[PDB]
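The form deposited in one PDB entry is given below as one chain in structure tokens.
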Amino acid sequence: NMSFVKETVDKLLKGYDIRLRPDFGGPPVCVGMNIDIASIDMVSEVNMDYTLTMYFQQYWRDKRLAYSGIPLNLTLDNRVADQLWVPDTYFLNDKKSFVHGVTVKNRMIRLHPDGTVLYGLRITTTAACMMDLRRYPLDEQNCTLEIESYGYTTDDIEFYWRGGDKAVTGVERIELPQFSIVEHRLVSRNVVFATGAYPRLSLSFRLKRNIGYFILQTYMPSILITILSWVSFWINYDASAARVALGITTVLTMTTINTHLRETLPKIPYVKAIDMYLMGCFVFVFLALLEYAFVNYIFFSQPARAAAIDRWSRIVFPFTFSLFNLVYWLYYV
């Protein structure tokens, strides 16, 4: 009986004032929220942000929209959202966002007999996440989404997570190539600005980086070049060109590796863990070259002393490199 339903719907919107919130002049309206996270795309350290796609559902009650005689929940055409009041919810830390619009605007309005409105949107948002990269690539990050009301203060509106700790779903099915989501947290609080106090919801994730890629990509070449630099001690000291070529090649290759690697990250002013490892490897190869230079300086008058210095280097360099690796991997793990 579409005639009666049309009559009821036209009656609901007859004297409706979209400029006034429900219970205008009275107690604050309560808005419950749910999120279904569909995916988390590129987590960029260069841009210090992450991308999130989600279904964002808001729940509230507007007594002006109550109806009787129709024992059904009315799902309406999404364009009816342009004639109802909705909360002015925004994300504080978002840089670029949009609602998907194919084939239509991805919006849902569902009315209930007692005046309850369910309002759903499908949103993709890039959100800022400042990262502490001092322990990179063994770092752990914490990225948040801050949900707030723009115009309505705490005496007009109040947010809450609908369903307690089960208000956010889909976290356990997210797949990230470089990270794993250890934990997610939900917080509700108030924030004071100069224009009043506002409700704030926070959804946070703790991301732990995977190290296998960096073991394959960065540490192994440095280790191999450091071991290669020790081959000089086993070549006879009279072959000057070979040993000088070996040492110089190792040093220049380490410098090239460092300069190539440091330019894939933002220009942070502090030292990262991989920077410390590469600097230590450079120190080792430079000290091996200096040892050879010293041996070359005193191998004419004192050949036996030079042979002894080489023989002791053969043992000291691996041992000190092992100790350096032990200290590094005990400090950062």
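What we label the rigid core is the largest C-alpha set whose atoms superpose within 1.5 Å from one form to the other. The first residue of the sequence shown is number 1, and the count goes up from there.
One more form of this protein should be noted, the form deposited in another entry, which is absent from this view; the next part is about it.
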Superposed on the rigid core, does the Cα of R110 end up 2 angstroms or more away between the shown form and the other one? no
Superpose the two forms on their rigid core, then report whether the C-alpha of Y150 is displaced by 2 angstroms or more between the shown form and the other one. no
Knowing the Cα distance between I268 and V46 changes 3 Å or more in the other entry, does it shrink or grow relative to here? closer
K95 and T264: do their C-alpha atoms lie closer or farther in the other entry than in the form you see, with a change of 3 Å or more? farther
